[PDB]
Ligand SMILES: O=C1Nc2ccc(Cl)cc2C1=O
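Here you get one chain, nothing else, as structure tokens; it is the form deposited without this ligand.
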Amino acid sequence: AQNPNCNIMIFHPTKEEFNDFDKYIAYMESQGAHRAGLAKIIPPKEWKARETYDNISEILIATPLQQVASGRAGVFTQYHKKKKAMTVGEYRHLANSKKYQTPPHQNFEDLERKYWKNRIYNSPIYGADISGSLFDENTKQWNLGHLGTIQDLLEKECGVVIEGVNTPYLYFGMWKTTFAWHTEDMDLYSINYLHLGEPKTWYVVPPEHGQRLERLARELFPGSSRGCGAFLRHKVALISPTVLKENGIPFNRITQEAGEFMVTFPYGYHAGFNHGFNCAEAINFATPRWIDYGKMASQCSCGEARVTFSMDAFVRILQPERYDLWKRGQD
């Protein structure tokens, strides 16, 4: 088996290899990339997502989210307080303010230490889940707004036609902005392009050891766990590398920089944080290998996780038994 230790692999495709998205994904998986739950793809030096980012201030962040933490430094939940709309310009200015800016630090490692030590005592503001794209339409390779859709994949593989669409989202981050421990909706893949700004650090549990993470989470958030059989779908829980190491949870970490893609793989739990002002674009996608993961994916039926229009049809076709009870949580 390739990559038996489930290490995060880093790919350096040539521009020739960068033309066929699906085939390169299959290539990475032939080399065992998926076992880690996360891979890094450095685009060819000739490739550009767009000409410049000169004009992005005028994007509106309709509902910025203030990420308020509770608990201890290594084990905390966050809640998202809705704030008033602001432009990307205003957000960038806020990110650079003294209150919110990245502190002085020696290197990524020192910054990571400060993140995990000090996260809970601050409440950064995240512009997350903004429908849109920053890829130039003339970018033909690895354009997150022009991927084949999950609905089209489901149709090619299983012959069924469903409603739904699948479009990218932008994320505007600042120092300490956090994405909690999760897998994708329906345990899909995700792909994330860091367009500009400061880095994003990622942590990931190998898909084959996902249940160990879940087991630890039930022990760390025992009431959340009683309330919902798939409470990690709420995307609120954080567990530090230290606490994962202490409980024998296998994981890896890696830092994504501006200009780099990350792909999460089916059932690869991930979490992370931003080093400073940045902008990422991400979208879910599927492959033939996804289909069984989609059939086995846990669902939030407590009603917190409250997910997309398009997810209805995935659950209805792949999880027809769950479909009656799941939609009661989604209605």
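Think of the rigid core as the biggest set of C-alphas that the two forms share within 1.5 Å after superposition. Shifts are known only where both forms have a C-alpha. Numbering starts at 1 and runs along the sequence shown.
Omitted here: the form deposited with this ligand bound. The next part is about that form.
In the bound PDB entry, this ligand lies farther than 4.5 Å from every heavy atom of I41. This ligand in the bound PDB entry comes within 4.5 Å of a heavy atom belonging to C300. In the bound PDB entry, this ligand sits within 4.5 Å of a heavy atom of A305. Residues of 27 to 57 placing a heavy atom within 4.5 Å of this ligand in the bound PDB entry: none.
Core-superposed difference between this form and the one not shown: one segment of three or more residues with every CA shifted 2 Å or more, namely 324 to 328.
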